[PDB]
Structure formats: C-alpha cells, structure tokens
C-alpha cells in the first residue's frame, strides 16, 4: 500500500511511520513546507501509525530530539512517538478490508487529514486549532495539547480498567474534532475502506 505523506504546514515537520515494534518504510523523514514523501506499507500491517514531529534536531547519524512526537531520539522511527501527537491510525487487509482513523487519545500537535487516494470510502480530518484553544492544564510546555491521561495518569483518563466515560478534557478534543477519537472508549470514528486501498496523510490540510 502506498501512503503519500504531504506537509502543507508553513513549518517543517519530521514525518514518522511505525507499527510500534518496527518502522514502516524508512520510519521517518524531514518534510519542509510543501514537501511530500511516498512510503510503502506492507499489506496486512496491523496497528500502523503516521504522525508529525515538530522542532527537531538530528545529527549526521540520525540521532537527536523533537519537541513533539519524539521516537526515542531517532530520525527514522522504529517505535511510537512521545505525546502530544495527532495520530493517523490504520490496519490493512483485515479480513479483506482496511480500517482508518484519526486519534487525539495521545494529544494533538499538528492538524491532519487522512484520506484514501483510491475509491470506496471517505477520509477523516482533525484540522481545528486545538493547540490555540487548548485548556490551560493540558498545554504542553514543549509544544502541543496533551491528552488528560498523559497529564494526570488516572484510571479514568487512561481507561485502564476498561471502564471509563468521557470527561471534560475528552469533550474538548471531541468538540474541536468530532471525527477523531477523543478518549479510549469513544464512539468509533473508524472508516472501513476496501482492502489494499492507498492513502494520503496531509499535515495542515487547511
């Protein structure tokens, strides 16, 4: 499957792609404003994610830091990134179908559209100014808008009992972005696409 990752932001982002225990394709790449990166993701990939990282510094060997979404200090991510991170999430060729969503469960850093480039399903988008509107207690000093689990580490915000409800914080993410997961047990906003669809993730779509 082909994913075109496009940076429409006015600022540089360092794209990342991982399934948590391994890189997808090269795992990460710097994208200046307007740059695109086409990656290939193996069919059957389960639990893949793509995200943006901001304000990164890397040395010649690809080691360094990012202010949002840092993945163990690597340019070429092999694991998931440090919140806050708006997440494009996908599982491919799962009983003949693909499943896509955007999630704010790990906070929000950069606005995103995640759309098929092939027929048979719709895209999802979270492009509201969540960082600008972020509740004071969720603001990350390193940049971005933290989820409440990251901030407070409670069973209710983290849904670690499998019994949690919406919260004042999850409702903020949901109000700004109805089409993205706002907490672990949110009513799903997952889209079902034909198996072996192709996609585009656009940072700062609007």
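Each value in this text was obtained by applying a stated rule to the coordinates, not by laboratory testing. Methodologically, a virtual Cβ is constructed for each residue, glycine included, from the backbone with ideal geometry; neighbour enumeration extends over all protein chains shown.
For the range 1-57, list the strands (runs of 3 or more DSSP E) that sit wholly inside it and hold at least 1 residues that are on the phi > 0 side of the Ramachandran plot; which are they?
Those strands (runs of 3 or more DSSP E) span 23-31.
Taking the condition in contact (Cβ under 8 Å) with a residue 24 or more places away in the chain, in contact with a strand residue (DSSP E or B) (Cβ under 7 Å, 6 or more places away or on another chain) and crowded, with 18+ Cβ neighbours inside 10 Å, does residue 101 pass?
Here the answer is yes, as residue 101 does meet what is asked.
Scan the range 3-26 for residues that are touching a strand residue (DSSP E or B) at 6+ places or on another chain (Cβ under 6 Å), farther than 17 Å from residue 102 by Cα and touching a residue at least 40 places away in the same chain (Cβ under 8 Å) and jot them down.
Within the range 3-26, 8, 9, 13, 14 meet the criteria.
It is to be established whether one or more residues within the range 43-62 are in contact with a strand residue (DSSP E or B) (Cβ under 9 Å, 6 or more places away or on another chain) and free of Cβ contacts under 8 Å to residues at least 12 places away in the same chain.
Our first condition is that a residue be in contact with a strand residue (DSSP E or B) (Cβ under 9 Å, 6 or more places away or on another chain); within the range 43-62, this holds for 43-58, 62.
Still in the list and also free of Cβ contacts under 8 Å to residues at least 12 places away in the same chain: 57.
For the range 43-62, residues in contact with a strand residue (DSSP E or B) (Cβ under 9 Å, 6 or more places away or on another chain) and free of Cβ contacts under 8 Å to residues at least 12 places away in the same chain: present.
Within the range 63-88, track down each residue that is without any contact (Cβ under 8 Å) to a residue 24 or more places away in the chain, touching a strand residue (DSSP E or B) at 6+ places or on another chain (Cβ under 7 Å) and either within 19 Å of residue 103 (Cα to Cα) or surrounded by 20 or more Cβ atoms within 10 Å (Cβ to Cβ) (or both).
Residue satisfying the conditions is 70 alone.
Only one residue in 145, 159 is surrounded by 13 or more Cβ atoms within 10 Å (Cβ to Cβ), touching a helix residue (DSSP H, G or I) at 6+ places or on another chain (Cβ under 9 Å) and either within 15 Å of residue 204 (Cβ to Cβ) or without any contact (Cβ under 8 Å) to a residue 40 or more places away in the chain (or both), so which one is that? Give the derivation first.
On the way: 145 fails: either within 15 Å of residue 204 (Cβ to Cβ) or without any contact (Cβ under 8 Å) to a residue 40 or more places away in the chain (or both).
From the options 145, 159, the qualifying one is 159.
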